[PDB]
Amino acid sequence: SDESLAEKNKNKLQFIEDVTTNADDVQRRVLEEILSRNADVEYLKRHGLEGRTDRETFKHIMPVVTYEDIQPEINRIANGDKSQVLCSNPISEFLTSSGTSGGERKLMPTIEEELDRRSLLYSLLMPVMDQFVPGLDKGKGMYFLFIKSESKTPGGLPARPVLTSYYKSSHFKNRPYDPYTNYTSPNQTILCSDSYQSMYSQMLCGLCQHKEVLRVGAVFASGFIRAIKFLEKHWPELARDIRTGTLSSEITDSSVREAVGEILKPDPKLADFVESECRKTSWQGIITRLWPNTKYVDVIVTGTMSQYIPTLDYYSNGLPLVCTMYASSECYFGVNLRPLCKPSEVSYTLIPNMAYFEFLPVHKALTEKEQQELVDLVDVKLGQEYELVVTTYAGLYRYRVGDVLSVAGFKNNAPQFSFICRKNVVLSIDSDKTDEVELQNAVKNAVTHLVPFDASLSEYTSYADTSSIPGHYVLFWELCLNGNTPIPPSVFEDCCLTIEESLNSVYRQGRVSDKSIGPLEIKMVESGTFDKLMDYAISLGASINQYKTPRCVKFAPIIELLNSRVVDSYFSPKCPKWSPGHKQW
């Protein structure tokens, strides 16, 4: 009903006003519920909280923690401990974060109830968008949504990414008919374990219903960029399926075949049109040509994903890029209340019902005083930067997420945050988040191949190259040759693979499982290249004694400068090794 939908939207927006006005009280209430329900859990009992639920005591008693501090408890639960270790409710599963510890995905505990809070955040997005872009209930959204690799812990609990867990839950699979969540992709195309068949069926379903499409997207920019690349490679096969009304024999999954069968009909004119647009040399504006009623591209382009803004603007011909929410495996955080703002102006308003949020000022061990005086959600100051600290319903207490956020403004009393970065992350193409330490150790393993040739790496840096789809990590190497035997290309290709083999499981899964990352490249640079970069820094006030070559570079003019001094480049000849789950298991 049009009246019931408008009433529902108005109530969700009034909920936002209520919780942003009474933000500190909602925060107080959330922490009280977490601490009363889990009063008798081992973690809080051993720290002496003694069933006290007040905020003042919690901040004085409980320590601020990293994943490594609580890994003993997490591993015990993963090995089968069903007692109340971190939570009074049973841990339903582990949500495997893209952030890693010891090169393995961090295991974030969750409880069945947490899906109600994830569904609450998702329920606020269309009521917010509807204010700015009306009429979205009269069409469909073409979203490319994917389930990723799953595994089981030794104790039998599922270990899977938060999005795979949500799509497989009844909150998404058995969701009620909402015209605002009417997607072109049937649930069976999303819930398909074969990534190729999932992408192929979703792209075909998207093309079959192209006139009904009012918005396009994916969770992340990289994933949507890959869907466009998939169409670049398979549009002749896909147009054939439209013309004949028969799905490709490569789609062997019977559940996908039945779901696609209820949409796919023979349509030679649509096939001719799809062929005519894709045949064109320039794909600038292919999204608006194939899906002409698209109002915006809905992908996250904040954080590392901002490197994709030029590619997305090319394929969309400058349609608005919309960043709707900020979330993690450990906790869903906030929504963007200005979805039509410019990507550089995006701020996320944290919803105080999700978790009890705390803020560590930034300008790593924390002093007793610093842990005690962590800033509450409503007390953060405009323009100041903070690390996000979270206390969740699923057994995390004063957990450092590692995200650095800046205060852009306030919605009533609730702060709005610009996303700065995930601390220490230097390279990323899709979900992979390679930190400076993983990279340094991967390069240290690779330079052992140069030792028999009496060669050494004088200096190196890196950047994430998005000139190709899927993107790849690029390493710039400057060698010091002290021997007489020239180094053959196979040795440098062995270095490329040795780096890849030492990178974390998310990087290696990206190369092996979903093909979201391309082969790593080592670009050799002329002698004196890194001394020329040092000359740029010395001119800008850097000392010779304090200068160290950065391990990673993002600023395009410096990447261009290094690329201009390249002699030869080498690529990894094969994928690194990868299998689902932790190597220990």
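Residue numbers run from 1 along the displayed sequence.
Per the record, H363 and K364 are separated by a gap of 10 or more residues from the deposited sequence that were not modelled. In this entry, 71-79 shows the higher mean Cα temperature factor of the pair 461-469 and 71-79. Averaged over Cα atoms, the B-factor as recorded in the entry is higher for 249-257 than for the other of 249-257 and 155-163.
Of the residues listed, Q131, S88, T391, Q416, the entry assigns the biggest Cα temperature factor to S88. Looking at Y143, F357, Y180, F146, the one whose CA carries the top B-factor in the deposited record is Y180. Placement of the Cα temperature factor of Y196 within the chain: middle third of the modelled residues, per the deposited record. Among the modelled residues of its chain, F224 has a C-alpha B-factor that falls in the lowest third, as given in the PDB entry. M62: CA B factor lies in the highest third for its chain, per the PDB record. Ranked by Cα temperature factor within the chain, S92 sits in the middle third according to the deposited record. Ranked within its chain, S456 lands in the middle third, by CA B factor from the PDB record.
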